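Presented as structure tokens, the chain that follows is alone, the form deposited in one PDB entry.
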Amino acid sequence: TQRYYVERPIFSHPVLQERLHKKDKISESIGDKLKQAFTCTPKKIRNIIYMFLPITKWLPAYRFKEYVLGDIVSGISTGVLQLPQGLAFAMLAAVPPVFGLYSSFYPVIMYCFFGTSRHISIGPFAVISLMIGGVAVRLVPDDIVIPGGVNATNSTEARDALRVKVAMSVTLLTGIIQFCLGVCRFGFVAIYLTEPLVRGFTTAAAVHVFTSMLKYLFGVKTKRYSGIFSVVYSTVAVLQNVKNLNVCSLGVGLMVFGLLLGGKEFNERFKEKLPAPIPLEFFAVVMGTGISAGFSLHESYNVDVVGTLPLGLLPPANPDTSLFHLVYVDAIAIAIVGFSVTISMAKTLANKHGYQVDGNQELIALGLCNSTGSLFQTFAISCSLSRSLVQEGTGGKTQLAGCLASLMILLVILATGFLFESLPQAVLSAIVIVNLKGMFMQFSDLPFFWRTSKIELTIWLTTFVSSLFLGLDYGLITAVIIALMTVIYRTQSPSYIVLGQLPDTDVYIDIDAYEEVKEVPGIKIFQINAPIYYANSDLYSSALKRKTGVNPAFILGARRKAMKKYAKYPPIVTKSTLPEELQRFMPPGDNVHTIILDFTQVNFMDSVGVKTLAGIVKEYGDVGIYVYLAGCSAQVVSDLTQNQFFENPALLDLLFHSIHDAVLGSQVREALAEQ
């Protein structure tokens, strides 16, 4: 009507090509673009400093008026949750518990200096601690009888110190690997961690942490498992040793568990203006240690206890390097899983607040944290998932909440430690299990991805199962590979639709979707929303033949049967005119004379796709049906040209700019044929 007036000639490929002339587009010194900048410009230097060491821009652009309160409250809460988590993951690392406080202190300040994620908290992260403990057990097994010299009982201090040394070596190697990956721009790999992949992976990690804390909650001594089917073995071992437990350890653990669930529900449900997310975990830990000490619980009823915490800050003893030959593989595994968890949580919390986390810079910061921690008697670190959620939800505006947690841990390690000596391990297990609630709430993503899109649900469930039953490392690798497989599947099951023309317009849409579209007579239009490549070409050809209802093989068979019933410079022609007897013995099907293949949606093709297109064109030409490509893009035209599809026959004339151009060209030649 009033608008959209075109009045333009028929643009086949040769017409549009002769209409317009190419440009130069060849810029000089291309491919060596970054060689010739290398400048000492102040802006570039400040940008590099901002990118490597972001605290140069964190501090000056600080907003006191509200961030002071936000970070104060969030840091208080996150350090409160940090102390018991650090202790529990330390005792789970087969390392004396104070090294958990060291790991909760040093890497936090190092990340503050070098990290970019606003809402993140850095600590032991029990699965990393599990791998560290498995390595320590492997290198320093329990049965080792060392000639100490005093000829006394087999004190565990020597074995514990050897395990600590193993932890130092492996964590230093992970730090070095992480830094080396970070400088070499490996953080780009963090783009393959989808949202459902991250959700499933973190939920599997939460299930791992739960099944790990089970054995301390029950007060049961069981053999430590690590590797593949680790969670299954841990759970079955706990259930096999469900007998001979410690009834009082369960009593205190479940008591603090129930009171802590009640407190969390009280604190979340009854949210008001002035009330803040009270530090429940500190109350839990102080009541637990008070009950344990007042009732002599460790010596009366034989409950497992944290034990003695050697006070003071130890000097930076340089670690050994001769255990790398034995720990390189598990150092690689620890570094990979730590980076994956850190970037996954930093990204899923950056999505909520709209800021960009550089995966490479996260990797560099995490590696430097791990290395300096190894220098300062610290095992490997990562992002604590539950503490990250707690710091985010409480309103941590900057990294200063992490700093506040670090200084509270510093207070615990310098002044106190007399106090938390008599603390049941059940209290720590209950605290960790309760704080896994934020991770466990991610199971609501199953109905969501069921309604929204089942490919994302498949990614979620596959990541969850693979990451739960295998380790987080192998589970993560297989989950990423399968998430990438989903794209191949999505290009392997396209939507082949036959198009029909909206009357007296140029709009071509699905014939069997809107009933106001009547396909133009004697023309069939095919349309695939996928690239035509090796994993897709045969399906595309078969679908064309099936859906258009025009199979050249059946047509040739019909010609042969009709003939049977009748018994009563280059030499190139791309179109064999039909030498039929001009009879009706063939089935009275449609009299289609051309087929238009819509390549607007076809992103690319490779050699197999071009071969199958040559086959399609040749077959339909042999039967007597023209084939037109419509809307071929420059990428697709180049992919057709590189392969020997245009040996300059009248094949460059089969291409048209759009579907309507192809329809009009076919109608024009059909009218010309009647002349």
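Rigid core: the largest C-alpha set superposing within 1.5 Å between the two forms. In case it trips you up, residue 1 is the first one in the sequence shown, and so on.
Missing here is the form deposited in another entry; even so, the following discussion is about that form.
- With the core held fixed, the Cα of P141 is displaced between the shown form and the other one by less than 2 Å.
- Remark: with the core as the superposition reference, the CA shift of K35 between the shown form and the other one reaches 2 Å or more.
- Superposition on the rigid core between the shown form and the other one places the CA atom of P315 less than 2 Å from its counterpart.
- Between the C-alpha atoms of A37 and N360, a gap narrowed by no less than 3 Å is obtained in that other deposited form, as opposed to the form on display.
- Between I30 and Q17, the Cα distance is greater in that other deposited form than in this structure, by no less than 3 angstroms.
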